[PDB]
Amino acid sequence: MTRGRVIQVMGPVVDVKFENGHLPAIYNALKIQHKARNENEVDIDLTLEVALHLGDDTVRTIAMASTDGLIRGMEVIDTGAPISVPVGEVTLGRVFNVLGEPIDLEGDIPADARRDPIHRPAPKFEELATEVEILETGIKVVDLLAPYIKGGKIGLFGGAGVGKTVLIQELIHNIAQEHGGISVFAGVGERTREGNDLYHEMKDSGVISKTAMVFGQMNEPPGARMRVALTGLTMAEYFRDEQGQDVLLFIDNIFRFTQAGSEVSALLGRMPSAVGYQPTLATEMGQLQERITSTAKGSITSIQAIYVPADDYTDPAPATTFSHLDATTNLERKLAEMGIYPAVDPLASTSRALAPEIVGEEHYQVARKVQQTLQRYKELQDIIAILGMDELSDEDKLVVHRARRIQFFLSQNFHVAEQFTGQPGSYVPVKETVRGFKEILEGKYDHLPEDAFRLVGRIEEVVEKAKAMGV
Amino acid sequence: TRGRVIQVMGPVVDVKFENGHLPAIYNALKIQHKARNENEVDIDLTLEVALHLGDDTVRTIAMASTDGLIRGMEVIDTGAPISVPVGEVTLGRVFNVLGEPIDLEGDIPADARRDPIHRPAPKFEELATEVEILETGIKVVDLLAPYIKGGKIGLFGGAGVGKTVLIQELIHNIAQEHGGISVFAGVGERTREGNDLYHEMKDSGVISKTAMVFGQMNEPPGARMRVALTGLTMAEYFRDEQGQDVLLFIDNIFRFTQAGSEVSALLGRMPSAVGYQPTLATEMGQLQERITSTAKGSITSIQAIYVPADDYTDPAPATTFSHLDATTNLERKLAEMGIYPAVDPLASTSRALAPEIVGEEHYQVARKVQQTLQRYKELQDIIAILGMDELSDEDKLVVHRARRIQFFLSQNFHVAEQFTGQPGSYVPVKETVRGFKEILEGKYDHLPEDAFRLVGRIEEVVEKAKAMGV
Amino acid sequence: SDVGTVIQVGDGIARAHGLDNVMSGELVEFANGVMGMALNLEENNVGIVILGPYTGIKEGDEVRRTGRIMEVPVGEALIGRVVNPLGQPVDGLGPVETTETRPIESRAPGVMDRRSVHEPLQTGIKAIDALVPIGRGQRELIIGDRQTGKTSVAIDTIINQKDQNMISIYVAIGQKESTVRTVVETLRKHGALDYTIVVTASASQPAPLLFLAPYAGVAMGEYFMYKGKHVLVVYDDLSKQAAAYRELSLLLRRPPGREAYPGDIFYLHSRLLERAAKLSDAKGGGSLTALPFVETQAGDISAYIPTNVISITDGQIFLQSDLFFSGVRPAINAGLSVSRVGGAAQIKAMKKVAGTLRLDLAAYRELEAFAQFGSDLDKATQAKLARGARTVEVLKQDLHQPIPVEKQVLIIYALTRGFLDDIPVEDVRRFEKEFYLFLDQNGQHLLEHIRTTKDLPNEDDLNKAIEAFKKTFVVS
Ligand SMILES: Nc1ncnc2c1ncn2[C@@H]1O[C@H](COP(=O)(O)OP(=O)(O)OP(=O)(O)O)[C@@H](O)[C@H]1O
Ligand SMILES: Nc1ncnc2c1ncn2[C@@H]1O[C@H](COP(=O)(O)OP(=O)(O)OP(=O)(O)O)[C@@H](O)[C@H]1O
Ligand SMILES: Nc1ncnc2c1ncn2[C@@H]1O[C@H](COP(=O)(O)OP(=O)(O)OP(=O)(O)O)[C@@H](O)[C@H]1O
Ligand SMILES: [Mg+2]
Ligand SMILES: [Mg+2]
Ligand SMILES: [Mg+2]
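What follows is the structure in structure tokens.
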């Protein structure tokens, strides 16, 4: 008998028994459909993924749908392959779940459409290609001190309540609606409120015509929350390979991937590790992020948000993922408590691009110097507190005088922040940024009051602001 | 009589003696196999029994790597513990854990006297004690925590602090002076330092007064366990049967306990403390008790101890702290500061800082020095918060003289000629006391603080200040 | 017999029933063509670690034993080629054309089979060559926070060692293959691939192959060391091998230790790193030198793995973040950086020129801290601070611009003997290059004496030339 019985159920995990000689593979998808013969019994709509072959004909599986209502003696069906998400051009403008089914209430994808597996090995050493080219998003801090890299990974690191999703949405606006290119969005471990707000904002902006979406949400069992990002990846892969079209892939709060893996491993019976994490933290992470690369045939640019579990940046999950990235922006909290938005750490943020011959000699010449003056401000604060005027003297005094001016200028008014103050955002180009910082360093505008330099876009506006305030 | 191997998991093996006879604990077993076919590997192995299991089975710690072992192999029972060649033959030669020599210079015949490594410790009646100072020529030890002849000396530190520099300096001076048999056992050391030390000894000619047993990092845990016991066993014969005064040197003792912890989980022991085996203190005291001076003979033992994460409160350093008579603790801050060696003046202690042992003036000078250093130690936290212009005259003088003092505790070393290119010095105790008395009384306040750095004698301080142009 | 049936499969481990004559460490093969290593033997079931993608392995599959211990193919054809830890080509380009297989379970060079390290090695970096010299056969650690300069220094060293014949190996452990590609392309661009071998372990590949990678690298190197060559092996992240072994142990249900690592962490790295040596003249005279790396979170020297590896190596180069962002590159902390083979690795001229520099720089650092707390200092302390400030400039260097050893001693002698007195700190870097050019075009004979002799020349002409250059040099 090809079918197999259910021997045990424990939370998400289910243990199936197959007759000898017909066992499935490690990443197979299994299906359960039940005819209810008793009023007690319930209808079942269940599919499962194999995890381990635990010997004596038994196979251990992971729930993709909730296991409530399962009974012993039920019949499992083996699909002989993974989820096999339908893919093509048919999936443009649609919202799916992890199993490849739509949730936008529009219609059903036809049964003859081609469908491809979620799990497959990464691009090889010979197939990769490398180049560094700037992607311009108009955010002053990120385009001066750590510009993005087309075809490279970008990471937004922050805690709770800092602005990661605000940055994600602002990047979607500025980049996608003024540069073009196919986009895929995977909401991972997010408030399902924002799964609606993005849908409506994109439709009323009129951009859904060239994007696809998959959502898994907190509510779902742990296995779906981790497999969702791989479903988004298997969707983008068809674009980059078979259609030959570049992809912009957005993923939100990737930490929930590791967290769900930790929970699933705890269920599976693996021994603990680290801070309750699974043993296979970096293996399961690396299997995912190694596939998001720019081959010669086509490229995937990904902008991702990493949530830091607590004040401790050295948690295993933020640390391990840092090894896979190319450009990172670290989100401060003490700047956010000062209201200097976006609260991006100007000294912790990094990028592979910031070199005197990769992003331009002048740009780099001003950027590293400004970073040096910021590091000078950071160390020199103590002498001000301890002794004040007659120790903060001469060159340190001048350094402080200009550094206070240049600290606020990294702040900018945002398009998606129109809810919080009554004024729209501005997209500030690169040349203007580079010249504006230089004009500050000259002392050309240091007679302006320091508070003016907040939440503006061009250096002429600061003179306009100072004239309007009369200060 | 023979037994069959039935299990193997890394260091540990599980022999089964079904003949009707079983070996005792600590015994040694032998495996010698000839490869029957091209697939099999010829193997020569010995195993020590560590635990008795239930059904004609023992758990045996392997002395060498276990590759090639096949279940069903046949094991010989030697009927006795590990035997070590004991006598005058040990002088000059270098040996491994099992007792064979390591240098190519020759072999030791069957007729040589051989002794087991496991035996009970000396009793209470046999011990004896004295207070006599053992001068080192090192200013810090001589003036703030004098070592004593026949007393246990401990060097505590983490990685890269100055432990082996001190071991080499002490061995150079003491082997220059003492007419003692010496045994050097290196446990968990770098196998390069063993060769370097061997060549330095051959330059010094001390090799005829020395016997060496070597087991280093590249060895399975069993040898790392038993090497220190082998070196101690040789020092035992020299102390007692010959009745000759002996020195025993061991560098980084810790790896004896570490190797025991590593195989502990394989032996079925429940975890304890920070991963350590339950039987930590029993084994550490069992080792340390056998290293004692009796009336028959005396052992001056100088030991260095490693801390797994440089936390002195770690279980292993904490247990060892109770067995020492003088301790120098080296910690990284002084190494960062540039003052050498890194001994902490306010946490290194000896049983000899008493007027009935070192005299009134020496004791007063040492205690006053420590008082000044503690006053500056709190004044650092005060000055950080308030600044350095809010203190009064006396509070300022404390800082001035503490700065002048902790530099003078730095000395130009002999074995540090390679590292810094300087001659080196030997400072007599009386000169140290005279110079420190001059310092505490403010006789050298005018000199700049740089003049006091890395010099032997206060006259060299004045010479360096003259070089500076003051 | 020599075959058995698999009974359990998961996460890269597979117990099997049968395999009666299997030896510990023996390689086994599955019907999938994927190799496996029989690490542990219980009473009736072997415990097999899988050396390939485990997705294809099922319960009830047969497993066969090869009859040999874990072996890595070695030879001269591997030079310029990219390979797995196993002998499988990764760059395509046909087979690896190796000569023979070395079992990687071999013992280290024993006691008295070595010799004192005296052969110099030049990184081309003023700060490293002056303050923390490296000799051949030495094992030195480069450690620091991420994004500070680890691979920049390793690659600068490999590229500078272009003339002196040195079989070099670069092991990539748990890497992102875009970085592997960039490193390979930099080696090819600067003309250094012709004498390097690259072994790749990447996160897509199973966990066991990260643990085997540095073992395979050192096993490849030791063939050339046994035959008599000078060799170099680089491990850019040993920290990721530790994590791989931590994964492998926990999947076998083994208790942890401090942090979460098992107790065998010291044994693993010591077993690895002890195979580096400078063989004796009776053995042939080979010199394999290893340069491992570890990353420390938050730039913390005091941790389990950092101190574990620090205790097994002959030196420390510490890369500190705030120095990096302050503009001092390459960022090396004088205080925590020292070499335990120093003095022999430097040529005699360098020793006569600067041998006290590191201690005096650490004294400058601690005096800078004391000045940070205080208000002002006395005249001679001002002079000491002034000179210690200049010492930092003379060790600044820009990326991918190597320097020969002879040129360094000129500027270091100028610094130590006080010839940079009248030059403001702003102009020191310009002074260095102008001095280089002036000595290249006017004072060649002194450099010739230094190059041929390997010792400092008579200082009269050197002092006259430096005074003449001070006449030529214009100050801002
Ligand atoms: N550009 C901005 N200007 C002003 N205030 C802002 C700006 N961006 C964010 N904020 C403030 O900070 C908050 C950031 O909320 P957001 O949900 O983006 O943070 P988050 O914790 O990183 O997100 P999530 O956990 O959903 O990924 C906003 O609610 C708002 O009060
Ligand atoms: N007196 C000294 N003067 C100058 N430098 C010194 C002095 N003592 C030690 N050093 C330096 O510090 C290093 C310390 O190395 P050492 O072998 O003493 O370490 P250790 O404390 O034994 O550590 P480990 O436990 O890791 O072996 C020396 O290699 C040398 O560079
Ligand atoms: N002499 C130098 N002058 C200026 N910058 C330098 C110099 N040497 C190195 N750097 C910088 O140091 C960095 C080296 O980064 P690299 O990728 O080699 O680091 P890594 O620590 O090996 O890797 P990762 O951060 O990915 O773990 C680069 O930003 C490079 O510009
Ligand atoms: Mg959000
Ligand atoms: Mg040591
Ligand atoms: Mg790197």
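Chains as they are written, first to last, in the entry's author numbering: chain D, 1 to 471; chain E, 2 to 471; chain A, 26 to 501.
We treat Cβ as the ideally placed atom computed from N, Cα and C, and that holds for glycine.
If you draw a straight line from the alpha carbon of residue i to that of residue j, how long is it in whole angstroms?
i, j, result
"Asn330/D", "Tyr389/A", "33 Å"
"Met285/E", "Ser265/E", "15 Å"
"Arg279/A", "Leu392/E", "58 Å"
"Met1/D", "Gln289/D", "39 Å"
"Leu118/A", "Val108/A", "11 Å"
"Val71/A", "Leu52/E", "23 Å"
"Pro429/A", "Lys377/A", "18 Å"
"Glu263/D", "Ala385/D", "47 Å"
"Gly368/A", "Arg300/A", "23 Å"
"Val142/E", "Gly298/E", "25 Å"
"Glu127/E", "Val430/E", "33 Å"
"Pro12/D", "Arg60/D", "11 Å"
"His425/A", "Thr192/E", "36 Å"
"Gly339/E", "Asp312/E", "21 Å"
"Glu144/A", "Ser177/A", "24 Å"
"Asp219/A", "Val136/A", "34 Å"
"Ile440/D", "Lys203/D", "41 Å"
"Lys444/E", "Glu395/E", "16 Å"
"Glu194/E", "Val319/A", "24 Å"
"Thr314/A", "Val14/E", "35 Å"
"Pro318/E", "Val370/E", "27 Å"
"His474/A", "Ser305/A", "32 Å"
Can you have a look at residue i and say buried or exposed, based on whether 16 or more other CB atoms are within 10 angstroms of its CB?
i, result
"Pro110/E", "exposed"
"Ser203/A", "buried"
"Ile103/D", "exposed"
"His179/D", "exposed"
"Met389/D", "exposed"
"residue 508/A", "An answer regarding residue 508/A cannot be provided, because it is not within the stretch 26 to 501 covered by chain A."
"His324/D", "buried"
"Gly206/D", "exposed"
"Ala268/A", "buried"
"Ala274/E", "exposed"
"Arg283/A", "buried"
"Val450/A", "exposed"
"residue 21/A", "Here chain A covers residues 26 to 501 and nothing more, so residue 21/A does not appear."
Any heavy atom of ligand 5 nearer than 6 Å to the CB - residues listed: Counting only heavy atoms of ligand 5, the residues whose C-beta sits closer than 6 Å to one of them are, along the chain, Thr165/E, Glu190/E, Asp252/E and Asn253/E.
Shell residues, 7 Å Cβ cut-off relative to heavy atoms of ligand 6: Those residues are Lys175/A, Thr176/A, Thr204/A and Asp261/A, given in chain order.
Start-end ranges of the alpha helix (DSSP H) lying completely within the stretch 401-461 of chain E, minimum 4 residues: Here the runs fully enclosed are 418-421 and 430-441.
Segments of 3+ residues assigned as beta strand (DSSP E) that fall wholly inside the stretch 286-329 of chain A: Within the stretch 286-329 of chain A, the complete beta strand (DSSP E) runs of at least 3 residues are 312-320.
Cβ contact check for the stretch 128-140 of chain D and the stretch 399-406 of chain D: 3 or more pairs under 8 Å: At 8 Å Cβ cutoff, the stretches do not touch.
Stretch pair the stretch 205-215 of chain D + the stretch 95-102 of chain D: three plus CB contacts closer than 8 Å: Under the three-pair Cβ rule at 8 Å, the stretch 205-215 of chain D counts as touching the stretch 95-102 of chain D.
Stretch pair the stretch 344-358 of chain D + the stretch 142-155 of chain D: three plus CB contacts closer than 8 Å: Judged by Cβ distances under 8 Å, the stretch 344-358 of chain D makes contact with the stretch 142-155 of chain D, as three or more pairs qualify.
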